[PDB]
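In: got a structure for you, letters missing:
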């Protein structure tokens, strides 16, 4: 991975670079990692989960953990469909039902995958009972709005908190360049 | 003596021996054949099981050999100076014929000689389809077996008589029989699995037209996006640098970078980094020719220009901004028309294609009907600035022009990066 | 065979219909003879409406 | 520029698809005057030629149809005659004599 | 966008499930009209499909 540029990393970097321009560059380095080894990662598609996690790390936004997040994303932040959407939704439902359904768990999935959503009878029954929720999103900003439980625009909106976090990181890196001064 | 078998050499004495160069070297025969021709004689092939066999006198070669094959077949043969010394006459076949009423009548006569029953309309349709095959408006395809195959299918579908309707049905069926991948793609587009904007405007994204490698004869649109950020002047092509793209320079990236660097000089370098990406990885990108769509998307990202999305953009571009002809222009235009018709023709959709490709624009009947009805528009451009003017719906020059907006966007990016310099000093 | 029989070539009066996966035919479509012999392609959609 | 329909219409207009066509067969290599003249030279001169072209042009059949209309002086009869039980030579006789 | 259950329900509703079905055999290549028409052409014309 030293010289191999990954289309996923390039996509996430392009989104973050073009979306937040108030400094000559993104003043922050983001480390993304699955804390497990059963994950087969695709280097060709940037996950929506990776993007929302990066945005939360930057803006220090507490995301809801009851909602799982799936879906690819492109550098414009549009959420693209992913394969095996049924498998993923049903897997998260299995994990949630194992630990006991809290009545608020759910999955944030691409709206592009609505034509592939053929969930099992138990997932649909939990959805009808209100014990499980499916959120279809088109842009990563929608996913972040659902996860962080707030809107992007407006005062105290998520985008302002992200810009504030970026400002703080820029101040810290230019603080090390203050050390470079003297 | 009575067991000598006559070969092609003997059966051709005083006549012509038509060989296939592909068969000559597929079977390693060309070397011995060349020795025979140069020597003018040959003895029949003997077995290694003969004690002493017969003392056959070498058979005189009194024929004219006429090799046949594709240029690729002869490439492997025209190296030795003996070949060009033996076969001095090269009878090369143009893959196309001048599309003239004389060639149309000649095709009609050739088909009649082949046994088909044509009508004037059926012959006309076959001739037009030959031109379509040639991908040229003034050259019909010379592949007469392919026209005969289509004629056979048309005769079957029309009951032996090749009327205009029968040939149209044969062509439609020929397409339909290979239309599965595009059927799945159009279903994905209609269901929403693949989201294409064919209406409204968007910044930094455009509908390029690509040919898929899963079917290298069907064109379809691809959402191509460009994002501009402050930084060094380097231009990233995400789809060309997804592994094996860092120190291998791409002629397309170099072309786009050269255009952008030379075109906008008000800072020591382009103060912006542009990431160009296709979503929907069904795109077989070409790292050998910069796309006009790539350039207009980059320019829109830089200048924050809301390009029209109902227009698809195709065509290569060189570092001067001149739009170059592209292959499979018919496939691309008809693919975008298919996508737009699936989602319903808004009446303003269209394609921006190189004016260099007007000689190749032999569009299907439905695309032409939509054009005549004003439901579909074809814009021929020579310069990338013209394509941008059509997409963004404004002129480049003058006040509130696209060029000044691009310069303003570049100024803003330069100010952001020199504000990073502000922080570098402070 | 010492010299075998002098058999006349058997005429081919059938219609060949090769059946397989698109992967199987890819290795076969590189021949301008293939597309010249097998000109009708009957593709099966992996799904039905 | 917005291309008009007329600038895009390329199909030669039909006027009667209901009229069967009667056309004489075309000369071999019609529309292929380069190859036809090359072959005329190779035949008039007895040079060995070689037909080059993309596949499916029908070069093989056009070539045979063109050669069939040629006419060379009657070739002499060539045959193998044994001069001994081991030595067999080539004999050339007037045509029809073998 | 919280998808309602109705927007997610995809299963064909069963109006009665204990009634043995009696259905005529479908034509070969049902739902495969592309391949069926390709084969009809290949048969009517004697082409190799």
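Out: Everything's here; your move. Residues are numbered from 1 along each chain as shown, chains lettered A, B, ... in the order given.
In: State the number of residues packed around residue D:64.
Out: 12 (other Cβ atoms under 10 Å in any protein chain shown). C-betas here are computed from N, CA, C, even on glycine.
In: For the residue nearest the centre of chain A, list the residues it contacts.
Out: With distances taken as Cα atoms, centre = their mean, chain A has residue A:52 as the residue nearest its mean C-alpha position (2.3 Å). Residues in contact with residue A:52 (Cβ atoms under 8 Å, 6 or more residues apart in numbering or on different chains) are A:63, A:69, A:140, A:143-144, A:147.
In: What's the biggest helix in chain D, counting residues?
Out: helix D:33-45 (DSSP state H).
In: residues making contact with the very next helix or strand once past it?
Out: Following helix D:33-45 in sequence order, the next helix or strand is strand D:48-52 (DSSP states H and E). Residues from elsewhere that reach strand D:48-52 (Cβ under 8 Å, 6+ apart): B:21, B:37, B:64-71, B:74, B:86-93, D:35, D:38-39, D:42, D:59, D:63.
In: Now do strand D:48-52: distance to the chain's middle.
Out: Strand D:48-52 sits 11 Å away from the centroid of its parent chain (Cα atoms, centre = their mean, to the nearest Å).
In: so the very next helix or strand once past that strand versus helix D:33-45, what angle?
Out: Downstream of strand D:48-52, the next assigned helix or strand under DSSP H and E is helix D:59-68. Orientation check (axes from the mean of the first three to the mean of the last three Cα atoms, to 10 degrees): helix D:59-68 against helix D:33-45 gives 40 degrees.
In: so how far is chain D from the residue nearest to the centre of chain A?
Out: 44 Å (Cβ to the nearest Cβ, to the nearest Å).
In: what about that residue, which SS state?
Out: Here residue A:52 is recorded as helix under DSSP: H, G, I helix; E, B strand; the rest coil.
In: Then residue A:128?
Out: helix.
In: residues near it, how many?
Out: 14.
In: Find the closest residue to chain B in chain A.
Out: Proximity of chain A to chain B (Cβ to the nearest Cβ) peaks at residue A:24, 2.4 Å away.
In: For that residue, which residues are in contact?
Out: Neighbours of residue A:24 in contact, by Cβ under 8 Å, 6+ apart: B:230-231, B:416-421, B:423.
In: If we use 7 Å, what do you get?
Out: B:230, B:416-417, B:419-421 (Cβ atoms under 7 Å, 6 or more residues apart in numbering or on different chains).
In: before we move on, the earlier item: which ones among the contacts of residue A:52 map onto helices?
Out: Per DSSP H, the contacts of residue A:52 map to helices at A:140, A:143-144, A:147.
In: Give me the spatial nearest neighbour of the closest residue to chain C within chain D, chain neighbours excluded.
Out: Distance from chain C to each residue of chain D (Cβ to the nearest Cβ) is smallest for residue D:55, at 4.2 Å. Nearest residue to residue D:55, sequence neighbours excluded (Cβ to Cβ, 6 or more residues apart in numbering or on different chains): residue C:32, at 4.2 Å.
In: if I look at the most centrally placed residue in chain D, how far off is chain B?
Out: Ranked by distance to the mean C-alpha position of chain D (Cα atoms, centre = their mean), the top residue is residue D:63 at 2.2 Å. Residue D:63 sits 6 Å away from chain B, going by Cβ to the nearest Cβ.
In: ok, which stretches of chain A are strands?
Out: A:46-47, A:67-69, A:72-73, A:79-80, A:106-110, A:133-137 (DSSP state E).
In: Can you add mean neighbour count and give those strands back as TSV?
Out: Listed next are the strands of chain A as TSV, based on neighbours: other Cβ atoms under 10 Å in any protein chain shown:
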stretch	mean neighbour count
strand A:46-47	26
strand A:67-69	22
strand A:72-73	26
strand A:79-80	25
strand A:106-110	26
strand A:133-137	21
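In: Would you tell me which helix is longest in chain A?
Out: helix A:158-181.
In: That one packs against which elements?
Out: helix A:48-59, helix A:140-148, helix B:402-425 (3 or more Cβ pairs under 7 Å, 6 or more residues apart in numbering or on different chains; DSSP states H and E).
In: change it to 10 Å
Out: The elements that helix A:158-181 packs onto, with contact taken as 3 or more Cβ pairs under 10 Å, 6 or more residues apart in numbering or on different chains; DSSP states H and E, are helix A:7-19, helix A:48-59, helix A:140-148, helix B:402-425.
In: quick check: angle from the second one to strand A:133-137?
Out: Using the same axes, to 10 degrees, the direction of helix A:48-59 lies 80 degrees away from that of strand A:133-137.
In: can you check the third one too?
Out: If you take the same axes, to 10 degrees, helix A:140-148 sits at 150 degrees to strand A:133-137.
In: Tell me what angle helix A:140-148 forms with strand A:106-110.
Out: Going by the same axes, to 10 degrees, helix A:140-148 makes 180 degrees with strand A:106-110.
In: got a list of what residue A:54 touches?
Out: Contact analysis of residue A:54 by Cβ atoms under 10 Å, 6 or more residues apart in numbering or on different chains lists A:12-13, A:15-16, A:28, A:30-32, A:46, A:140.
In: go with 8 Å
Out: A:12, A:16, A:30, A:32.
In: separation between the residue of chain A closest to chain B and residue A:161?
Out: Residue A:24 sits 22 Å away from residue A:161, going by Cβ to Cβ, to the nearest Å.
In: Ok, residue A:132 next?
Out: Taking Cβ to Cβ, one finds residue A:132 at 29 Å from residue A:161.
In: what does residue A:45 give?
Out: For residue A:45, the distance to residue A:161 - Cβ to Cβ - is 27 Å.
In: try residue A:82
Out: 28 Å.
In: ok, now residue A:169?
Out: On the measure of Cβ to Cβ, residue A:169 and residue A:161 end up 13 Å apart.
In: Between those two, which is the more surrounded one?
Out: Higher neighbour count among residue A:169 and residue A:161: residue A:161, with 19 against 16, using other Cβ under 10 Å.
In: The residue in chain A positioned nearest to chain D: what's it in contact with?
Out: When scored by Cβ to the nearest Cβ, chain A has residue A:76 as its residue closest to chain D, at 29.1 Å. With contact taken as Cβ under 8 Å, 6+ apart, residue A:76 is in contact with A:15, B:204-205, B:225, B:227.
In: in stretch A:26-35, what's buried?
Out: When neighbours are counted by 16 or more other Cβ atoms under 10 Å in any protein chain shown, the buried residues of stretch A:26-35 are found to be A:26-28, A:32.
In: isn't residue A:72 right up against residue A:82?
Out: Yes - under the criterion of Cβ atoms under 8 Å, residue A:72 makes contact with residue A:82 at 5.4 Å.
In: list residues touching both of these two?
Out: Common neighbours of residue A:72 and residue A:82 (Cβ under 8 Å, 6+ apart) are A:45, A:110.
In: For burial, what's the neighbour tally of residue 88?
Out: As the question left the chain open, I've gone with chain A. Residue A:88 - counted by other Cβ under 10 Å - has 18 other residues nearby.
In: Actually, chain D is the one I wanted.
Out: Neighbours of residue D:88 using other Cβ under 10 Å come to 18.
In: wait, does whatever helix or strand it lives in contact chain B?
Out: Element membership of residue D:88, judged by DSSP H and E, is strand D:87-93. Yes - counting by Cβ under 8 Å from any Cβ of the partner chain, chain B is contacted by strand D:87-93 at D:87-90, D:92.
In: residue with max distance from the center of chain A?
Out: residue A:182 (39.8 Å).
In: dump the residue contacts of residue A:58.
Out: Residue A:58 neighbours (Cβ under 8 Å, 6+ apart): A:16, A:28, A:30, A:162, A:165-166, A:169.
In: out of these, which one sits closest to chain E?
Out: residue A:162 (22.1 Å).
In: I'd like to know how far the closest one sits from residue B:6.
Out: For residue A:162, the distance to residue B:6 - Cβ to Cβ - is 89 Å.
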